[PDB]
Structure formats: structure tokens, C-alpha cells
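J.: Contents of upload.cif (mmCIF, C-alpha atoms):
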data_my_file
loop_
_atom_site.group_PDB
_atom_site.id
_atom_site.type_symbol
_atom_site.label_atom_id
_atom_site.label_comp_id
_atom_site.auth_asym_id
_atom_site.auth_seq_id
_atom_site.Cartn_x
_atom_site.Cartn_y
_atom_site.Cartn_z
ATOM 1 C CA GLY A 1 -3.382 1.705 24.685
ATOM 2 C CA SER A 2 -6.687 0.607 23.177
ATOM 3 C CA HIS A 3 -8.277 0.497 26.627
ATOM 4 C CA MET A 4 -11.798 1.854 27.058
ATOM 5 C CA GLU A 348 -10.626 3.486 30.279
ATOM 6 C CA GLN A 349 -7.977 5.521 28.480
ATOM 7 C CA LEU A 350 -10.511 6.672 25.892
ATOM 8 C CA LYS A 351 -12.767 7.883 28.709
ATOM 9 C CA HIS A 352 -9.831 9.956 29.950
ATOM 10 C CA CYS A 353 -9.431 11.352 26.442
ATOM 11 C CA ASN A 354 -13.121 12.207 26.260
ATOM 12 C CA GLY A 355 -12.810 14.018 29.590
ATOM 13 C CA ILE A 356 -9.977 16.137 28.208
ATOM 14 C CA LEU A 357 -12.031 16.836 25.078
ATOM 15 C CA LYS A 358 -14.935 17.980 27.250
ATOM 16 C CA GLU A 359 -12.646 20.297 29.223
ATOM 17 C CA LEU A 360 -11.075 21.829 26.116
ATOM 18 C CA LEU A 361 -14.598 22.665 24.905
ATOM 19 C CA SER A 362 -15.755 24.000 28.295
ATOM 20 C CA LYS A 363 -16.397 27.606 29.327
ATOM 21 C CA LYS A 364 -13.314 27.516 31.559
ATOM 22 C CA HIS A 365 -11.036 27.703 28.512
ATOM 23 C CA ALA A 366 -13.348 29.490 26.056
ATOM 24 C CA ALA A 367 -11.264 32.687 26.050
ATOM 25 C CA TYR A 368 -8.471 30.949 24.130
ATOM 26 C CA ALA A 369 -10.045 27.722 22.859
ATOM 27 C CA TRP A 370 -12.637 29.275 20.549
ATOM 28 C CA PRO A 371 -10.394 29.487 17.465
ATOM 29 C CA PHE A 372 -10.224 25.685 17.543
ATOM 30 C CA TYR A 373 -13.934 24.942 17.969
ATOM 31 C CA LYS A 374 -14.700 24.512 14.270
ATOM 32 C CA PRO A 375 -12.857 23.759 11.015
ATOM 33 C CA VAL A 376 -10.888 26.725 9.707
ATOM 34 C CA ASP A 377 -13.056 28.411 7.078
ATOM 35 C CA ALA A 378 -10.182 29.555 4.873
ATOM 36 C CA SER A 379 -12.335 31.300 2.267
ATOM 37 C CA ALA A 380 -14.390 33.214 4.832
ATOM 38 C CA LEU A 381 -11.168 34.393 6.488
ATOM 39 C CA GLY A 382 -9.427 35.260 3.229
ATOM 40 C CA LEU A 383 -6.716 32.657 3.864
ATOM 41 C CA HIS A 384 -6.577 31.452 0.267
ATOM 42 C CA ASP A 385 -3.273 29.628 0.799
ATOM 43 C CA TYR A 386 -4.448 27.700 3.870
ATOM 44 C CA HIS A 387 -5.197 24.408 2.148
ATOM 45 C CA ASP A 388 -1.972 24.588 0.144
ATOM 46 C CA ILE A 389 -0.006 24.774 3.388
ATOM 47 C CA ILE A 390 -2.150 22.627 5.712
ATOM 48 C CA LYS A 391 -2.604 19.166 4.182
ATOM 49 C CA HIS A 392 -4.569 17.701 7.085
ATOM 50 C CA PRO A 393 -6.982 20.145 8.761
ATOM 51 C CA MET A 394 -8.187 19.319 12.268
ATOM 52 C CA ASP A 395 -10.301 21.013 14.931
ATOM 53 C CA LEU A 396 -12.136 20.120 18.131
ATOM 54 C CA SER A 397 -15.550 19.588 16.500
ATOM 55 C CA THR A 398 -13.967 16.980 14.232
ATOM 56 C CA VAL A 399 -12.234 15.319 17.180
ATOM 57 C CA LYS A 400 -15.582 15.284 18.997
ATOM 58 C CA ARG A 401 -17.330 13.699 16.009
ATOM 59 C CA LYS A 402 -14.620 11.048 15.701
ATOM 60 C CA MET A 403 -14.868 10.287 19.426
ATOM 61 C CA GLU A 404 -18.664 9.972 19.313
ATOM 62 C CA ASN A 405 -18.451 7.712 16.247
ATOM 63 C CA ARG A 406 -15.839 5.574 18.037
ATOM 64 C CA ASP A 407 -13.330 6.339 15.291
ATOM 65 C CA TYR A 408 -10.407 6.499 17.735
ATOM 66 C CA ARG A 409 -9.284 3.027 18.764
ATOM 67 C CA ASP A 410 -6.812 4.195 21.400
ATOM 68 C CA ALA A 411 -5.532 7.257 23.260
ATOM 69 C CA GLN A 412 -2.556 7.720 20.907
ATOM 70 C CA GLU A 413 -4.861 8.225 17.913
ATOM 71 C CA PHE A 414 -6.848 10.865 19.776
ATOM 72 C CA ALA A 415 -3.711 12.649 20.975
ATOM 73 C CA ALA A 416 -2.331 12.711 17.429
ATOM 74 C CA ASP A 417 -5.385 14.615 16.152
ATOM 75 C CA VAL A 418 -5.316 17.119 19.006
ATOM 76 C CA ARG A 419 -1.617 17.765 18.403
ATOM 77 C CA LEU A 420 -2.157 17.940 14.637
ATOM 78 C CA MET A 421 -4.644 20.740 15.284
ATOM 79 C CA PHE A 422 -2.041 22.719 17.243
ATOM 80 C CA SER A 423 0.734 21.916 14.772
ATOM 81 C CA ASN A 424 -1.382 23.248 11.903
ATOM 82 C CA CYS A 425 -1.706 26.516 13.812
ATOM 83 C CA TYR A 426 2.061 26.762 14.408
ATOM 84 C CA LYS A 427 2.780 25.886 10.778
ATOM 85 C CA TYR A 428 0.438 28.387 9.132
ATOM 86 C CA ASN A 429 0.664 31.382 11.481
ATOM 87 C CA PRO A 430 3.621 33.642 12.352
ATOM 88 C CA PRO A 431 5.012 32.958 15.876
ATOM 89 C CA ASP A 432 3.767 36.357 17.075
ATOM 90 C CA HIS A 433 0.142 35.948 15.971
ATOM 91 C CA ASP A 434 -2.462 36.057 18.748
ATOM 92 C CA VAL A 435 -3.905 32.731 17.594
ATOM 93 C CA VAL A 436 -0.547 31.060 18.254
ATOM 94 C CA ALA A 437 -0.555 32.424 21.808
ATOM 95 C CA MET A 438 -4.005 30.902 22.325
ATOM 96 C CA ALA A 439 -2.869 27.588 20.830
ATOM 97 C CA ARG A 440 0.076 27.370 23.235
ATOM 98 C CA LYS A 441 -2.195 27.994 26.224
ATOM 99 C CA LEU A 442 -4.771 25.420 25.157
ATOM 100 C CA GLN A 443 -2.018 22.931 24.327
ATOM 101 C CA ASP A 444 -0.566 23.365 27.810
ATOM 102 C CA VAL A 445 -3.998 22.484 29.198
ATOM 103 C CA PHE A 446 -4.064 19.408 26.966
ATOM 104 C CA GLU A 447 -0.518 18.140 27.551
ATOM 105 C CA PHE A 448 -0.675 18.381 31.331
ATOM 106 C CA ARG A 449 -3.974 16.531 31.625
ATOM 107 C CA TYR A 450 -3.049 13.996 28.935
ATOM 108 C CA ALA A 451 0.026 13.261 31.066
ATOM 109 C CA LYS A 452 -2.313 12.192 33.882
ATOM 110 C CA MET A 453 -3.533 9.356 31.659
ATOM 111 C CA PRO A 454 -4.389 6.339 33.837
ATOM 112 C CA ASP A 455 -2.068 3.417 33.074
#
Show me, as C-alpha cells, the structure contained in the file I just sent.
T.:
Amino acid sequence: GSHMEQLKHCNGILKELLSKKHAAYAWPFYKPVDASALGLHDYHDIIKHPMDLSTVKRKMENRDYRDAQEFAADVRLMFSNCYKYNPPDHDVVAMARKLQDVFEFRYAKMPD
């Protein structure tokens, strides 16, 4: 799905995820996890491929993604990293699930 149209749909989703409408639970994913600042000294030993929305945005602007699948993989990687590092009961996981629901349902409306 290397269609320009599908990438526009992906960019729309990206814009929504970064919008005020979802800010209450999307904020933890706005920037790369600063492990040191947060005292998470084992973060990079556990998470081999960090990902966040600012990185996805940069890759989209630089036309790094060639198709929708690539984009989706990074967004899901971001959520997976959260589920892998954090205990299931952590508040950040609750926020990840909510933002992922927003993503999955709109990604499912992908024109094709």
C-alpha cells in the first residue's frame, strides 16, 4: 500500500493523536522516553527499538515511510514498547491502551 492517498490517511491519524482532543492520555508518547531523566536505567536494555510520536512525525515529514504498513508498524512499536517495559497496572499502560484504541479504529478506516 505505497499509495500517496493512504499516507495522507496516516498523516491525518498522526495529527489526531497529537491533537488536544487526546492530550490527556497521549502526552507520554509525545517525545522519546528520556530514560536517564526518569531514572529508568534499564530501559534501553529492555527496549531495543525506541519509538514515539515526534519520531513518527519526523519520519513522515521526511517521507521516510513508503507505505501505510511502515507507518503503522512504528505506531504499534511505540505501544508495544510501553506494554513490554511497564507493569500491566501502570497508569501509562492505561493511557497507551486508550490511545491505541484511537489509532486502531481510525487506521481501520484506511481508504482502499
J.: Output the residue selection produced by the PyMOL selection byres ((chain A and resi 441-450) around 8) on the file above, formatted as a list in words.
T.: residues 352, 353, 356, 360, 365, 368, 369, 419, 422, 437, 438, 439, 440, 451, 452 and 453 of chain A
J.: From the set A:357, A:396, A:432, A:387, which residue has the shortest atom-to-atom contact distance to residue A:370, counting all atoms listed in the file?
T.: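 Distance minimum relative to residue A:370 lands on A:396.
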J.: If the PyMOL selection byres ((chain A and resi 399) around 12) is run on the structure shown, which residues does it catch, given as a PyMOL selection string?
T.: chain A and resi 353-354+356-358+360-361+372-375+393-398+400-408+413-421
J.: Can you work out the spacing between atom CA of residue A:385 and atom CA of residue A:412 in Å, to one decimal?
T.: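 Spanning atom CA of residue A:385 to atom CA of residue A:412 is a straight-line distance of 29.7 Å.
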J.: Between atom CA of residue A:382 and atom CA of residue A:367, what is the distance in Å, rounded to a tenth?
T.: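 So the answer is 23.0 Å.
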J.: Can you work out which one of A:4, A:392, A:363, A:433 has the shortest atom-to-atom distance to residue A:376, counting all atoms listed in the file?
T.: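 Among the listed residues, the smallest separation from residue A:376 belongs to A:392.
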J.: Quick check, in Å to one decimal: how far apart do atom CA of residue A:410 and atom CA of residue A:349 lie?
T.: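 These atoms are spaced 7.3 Å apart.
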J.: Run the PyMOL selection byres ((chain A and resi 1) around 7) on the file and write out the hits as a list in words.
T.: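 When the PyMOL selection byres ((chain A and resi 1) around 7) is applied to the shown file, the picked residues are residues 2, 3, 410 and 411 of chain A.
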J.: Go ahead and fit an axis-aligned box to every listed atom of stretch 432-451 of chain A plus 6 Å each side, and pass me the centre and edge lengths in Å, one decimal, as AutoDock Vina command-line options.
T.:
--center_x -0.5 --center_y 24.8 --center_z 23.8 --size_x 20.5 --size_y 35.1 --size_z 27.7
J.: Go through A:380, A:388, A:362, A:348 one by one, measure the shortest atom-to-atom distance of each to residue A:424 using only C-alpha atoms, and give the residue with the smallest value.
T.: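 Nearest candidate to residue A:424 out of A:380, A:388, A:362, A:348: A:388.
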J.: Using all atoms listed in the file, find the one residue out of A:364, A:384, A:351, A:409 that sits nearest to residue A:428.
T.: A:384
J.: Using all atoms listed in the file, which of the listed residues (A:427, A:377, A:435, A:350) sits closest to residue A:389?
T.: A:427
